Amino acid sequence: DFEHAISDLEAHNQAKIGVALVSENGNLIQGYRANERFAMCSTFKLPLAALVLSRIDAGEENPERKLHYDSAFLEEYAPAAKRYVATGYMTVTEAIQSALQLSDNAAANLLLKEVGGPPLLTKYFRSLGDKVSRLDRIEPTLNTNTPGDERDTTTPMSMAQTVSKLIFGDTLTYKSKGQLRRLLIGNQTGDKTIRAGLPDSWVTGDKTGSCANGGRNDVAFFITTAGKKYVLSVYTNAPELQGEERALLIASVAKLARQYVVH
């Protein structure tokens, strides 16, 4: 069964794996360590983007507003922000796009400053009925993934439920929900993670992330050919795998979870 299959992957890879497959309405279909805490790493950028879109929905932000920065704001991984820095800004829209599809860390920090910092993302999670997910630091130190530390964590089930609300539920405006979904489908960083374990015929959007101590995660929504809608969260710590094997591990978990998608 699912429990034994995932436990076998853990032992074989000397990894810790947390996974939740949920339906459109947030109900757990299959899970393993689904309520244990893992570091978000870059997966937090999905609900962050949703918070910024929600602020645009509410008239508190403009998609074309210029978020100003200089070279000192750059991060080691910030491919878009490095290109825009001579102009002195990225727009809210550019920062959302870049944070989601490239995982740009300076763009993410621009958004975190825009929303009022990590505590305001925690507040947003709480507002959605997510009692667990929390952001505490900005890039890059939110990635430390230290044992016993609850900063910057989620659980597979809480994140999957939160994502299902944003992607399939009524929380965002029709416009913002579409923008978020299409951005995630166009993610550039997830071709070898959850997507690689699902049929190519299915619509998939996702947000990846990696952390210290071998953390590598992905959260995806997908829609089957039959039109059945799901969210799959996969959180892993696999310190003895190399990066490509960590992606393959995620794909392997997705393949196992895929057998519980009914036609």
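Sequential numbering from 1, following the sequence displayed. For the two forms, the rigid core is made up of the largest set of C-alpha atoms that agree within 1.5 Å on superposition.
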### Outlying stretch relative to shown form, 146-154 versus 189-197 in 4 other deposited structures of this protein, C-alpha RMS (core)
146-154
### Between the two ranges 29-37 and 208-216, the one averaging a larger CA B factor in the entry
29-37
### Task
Would you tell me which stretch averages the higher CA B-factor in the PDB entry, 52-60 or 233-241?
52-60
### Query
Per the entry, which of 118, 129, 190, 186 tops the list for Cα B factor?
129
### Message
Given 71, 145, 161, 101, identify the residue with the highest C-alpha B factor in the PDB entry.
### Response
71
### Message
When the deposited Cα B-factors of this chain's modelled residues are ordered and cut into thirds, is residue 47 in the lowest, the middle or the highest one?
### Response
lowest
### Ranked against its chain, the third holding the CA B-factor of residue 11
highest
### Message
Among the modelled residues of this chain, does the Cα B factor of residue 136 put it in the lowest, middle or highest third?
### Response
middle
### Entry-reported Cα temperature factor of residue 194, expressed as the chain third it lands in
lowest
### Query
Lowest, middle or highest third: where is residue 82 by C-alpha B factor in its chain?
middle
